[PDB]
Structures are given as structure tokens and as C-alpha cells.
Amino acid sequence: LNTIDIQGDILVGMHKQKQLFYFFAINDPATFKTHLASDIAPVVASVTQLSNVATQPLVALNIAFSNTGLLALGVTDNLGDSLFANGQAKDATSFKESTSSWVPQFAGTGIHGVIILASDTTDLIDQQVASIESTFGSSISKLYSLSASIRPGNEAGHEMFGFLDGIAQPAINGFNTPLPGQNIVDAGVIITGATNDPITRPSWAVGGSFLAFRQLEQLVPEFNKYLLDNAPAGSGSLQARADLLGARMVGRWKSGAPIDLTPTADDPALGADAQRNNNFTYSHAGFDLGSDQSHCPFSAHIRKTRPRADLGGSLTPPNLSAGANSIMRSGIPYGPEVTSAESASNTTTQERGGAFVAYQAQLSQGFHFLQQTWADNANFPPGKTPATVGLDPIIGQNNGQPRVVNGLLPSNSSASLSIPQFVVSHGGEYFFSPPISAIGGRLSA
């Protein structure tokens, strides 16, 4: 795996406090290509660069192109991905949402790519934007942008709902040293043209990845109040019972401890330990896999997005089922922290959420499949009792309706909750993140 040529955000992330997603159109291909090769290609951060703390740049930069952006560059080659070529807007109905609610810019194919800028101060990002806009002139044209930031203090690495994020990623066979329980996949699941990618790619695209971007707004005070109002009756404090309902929706406590390994109370020591916090398969040698929801509901978020033993394979860790449906996640929260006024009124006023970023070699096997065939599927996982699992309580969608989620209450795996959406999609786009060599090579030719 030629790490020198792979853009850093695909495999390790930017590792910076601030990020800017700068969505652009290409107006003058000739001038754009000139500065793409002379000004962008030399500064693109690779996996090798961002892997070592020594060689981290002041401003990490990555760049990806939509289908219409590649066309605008004169690239007519088949990348091998029908979903990429049609654009995420024509795919919205697969997720039971409407482009009528999207950010107007995403509701089309006018966006030609995204520059990802990453740095520890927003001042440095603002400088690089000016620099990029002044050298490209009008050949590049900003259509939309989204500023994002790691959350402050001890909430750093947590997403807006409070849960530690970035724990579970596929390990790439031959690249990562796998952690206990982590799926182990061929490189070609993430990296186009890499080991065991079955789709033929253009040679200049070998070493890239498809980037699925989603702007996902989170209603954090609403979510916090739903947990208190629907907390399961029981022993501990009401807050503790509320946290337990939230942990059952996600499949992890806010510390990162998986409920499958500690189903009744948090354990922050476990949540922080990468040698233990993923060492599970959902199988429990004394319980029936098809009906036991006392450790983790069938509808829990992580269980719907990585089913592990719900799809067969080893009942003891590591489970390796459905390695081809793995995605690498490089998202980052956006918006202000929740304010006093919102916290006291249980109502959001300031838009916040997650800039969702998923990398995969095949969009039909990754983000799109996870969203439509698993999370939005009331009968997935299969073979359960009761068979109606319900929807993913975090990301599950059903055309704006509240979503029926089963198995969340520990006292009764048949009790249903009708849960309003706490995550609201404002849309996004499918991009191709090319290998660095293509940026000043084919894409600049």
C-alpha cells in the first residue's frame, strides 16, 4: 500500500482542531489545472505525513472532485461507481429523504469538488483560503462552505450528543495492526484499485477513495430531554437511567464503553482503552443471538452499521463478517456548543451537528448500503425475534416521520418507542479523493 500517494484524511484523518469544507465550482479548466499542479499538488497532505507528529503541516490540505467536477476537468473515464456518477442528490430517495429539505447548493450537481483545510487555528485556515482564491482567481468559485471544530476540553473527540466518536474503524490488512475485535479488511474495500478491489479503475485513480459527505444537524437539547422523559424505570438516579437509554440507542456509553460488554452502567476506564473497547461480536455464549436484546438492542446505532455476528462469522472476537461493507469515518462536529438558553428551553436555536465524512472504494457497498439497507430497514438485522427491529435511532430515516425503534427498553424487548428525528440531513455530495499523483498528473493534464 503506497502510503506516500494516499491523501491523509482517507486513512488517518487530518488530526487538527479546526476544519473547513470549501465547496467549489470550476469555471476555467485551463487556469484551474495550472494552479492545481503548481499550487495544490505540492501541499496535499499524505497518509505518511499525517501519520508522524513530526511532519504534520501547519495547514493540512486534501481535495476531492465530484463527477461533474471530473467532467469539467475533461476526465471522461469510467470510475466504476454508478452512484458517484449520478450524484448524491439523485440518491436522496434511497434514504427516505427529499432534496427539498437540502441546502440548495447540494440539491443539484453544480458542485465540482471540495477542498478540506485543516489547522489548529481558524486564522491559518482564513489565510490559506485567501491564498487559494488569489492564485486561482475566478477559475475557482466558492459555492458553499462549512466550518467545523473539535469540541473543547474533555468533550474533544466527542460528537455533539456527547458520545466519544472515532473508536471503531476497519483495519486494513497489511497496513494497520488490528485491535481486539476490529474488523480486518482488504485494502481495496477502502482504496480504489488496492488489494482485492474487484472493480476495474482508470490507472490514474488507483490509490483514491470515494468521499461521501453529509451535513447532519443534531438537535442536542431535544435529544437530552427525550432521554429524561422516556428513561426506563429502575434503580439509579434519573440522569443515570437517562444515560442508559441514550447508550442503548447508540450502542456505546458517552465514555465509549460498548453496552455489549457493560450493559447496565458506564465504565469510563473501558471506554478509553482501545485494547478492550471494541472486543465484542454481540454473541453471548449463554444467550440466543436471535432474541437476546439485554446486552445491546438489535436497533442500536453501531449494531446496525456494523452487524458483526448478526451476519454470521466468528462468535468470538474478532468477528469478520461483511468486511466489504466497511467505511472509514473522518467526520468532525460543527457549530457552537449548546447555550444556556437552549439547554434551559430544551430547544435548539443555533444549528450544530456533524460534518459526516465516509470513505469507501464502492459507494454501493458502504455509506449508501449502511444507510438504506441496514439503518433504514425495519427488518434488519435478519433472523431476530421479534423480527421487527425497527430503525436506527440515531440516523434512521422514514420521510420525516418519527421512527419506530424496538428493543431499547431493557425490561421488555417488545416495547416500541416512536422517536422523532434527532438528526436532520441537510444533504451532501459524493466525491472522489484521487491519489496525490493524479492531482498534478492526469487531473492537471
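For every residue, the number given is its place in the sequence shown, counted from 1.
- According to the PDB record, 175 to 183 carries the higher mean C-alpha B-factor of the two stretches 175 to 183 and 348 to 356.
- Once the C-alpha B-factors are averaged per stretch, 234 to 242 and 294 to 302 rank with 234 to 242 first.
- The PDB entry assigns the greatest CA B-factor among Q218, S82, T122, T200 to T122.
- Residue set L146, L289, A205, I116: peak C-alpha B-factor at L289 (per PDB entry).
- Ranked against the other modelled residues of its chain, the C-alpha B-factor of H426 as given in the entry falls in the lowest third.
- Sort the chain's modelled residues by C-alpha temperature factor and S38 lands in the middle third, per the entry.
- The PDB entry assigns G69 a C-alpha temperature factor belonging to the lowest third of its chain's modelled residues.
- Placement of the Cα temperature factor of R151 within the chain: middle third of the modelled residues, per the deposited record.
- Sorting the modelled residues of the chain by their CA temperature factor places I63 in the lowest third.
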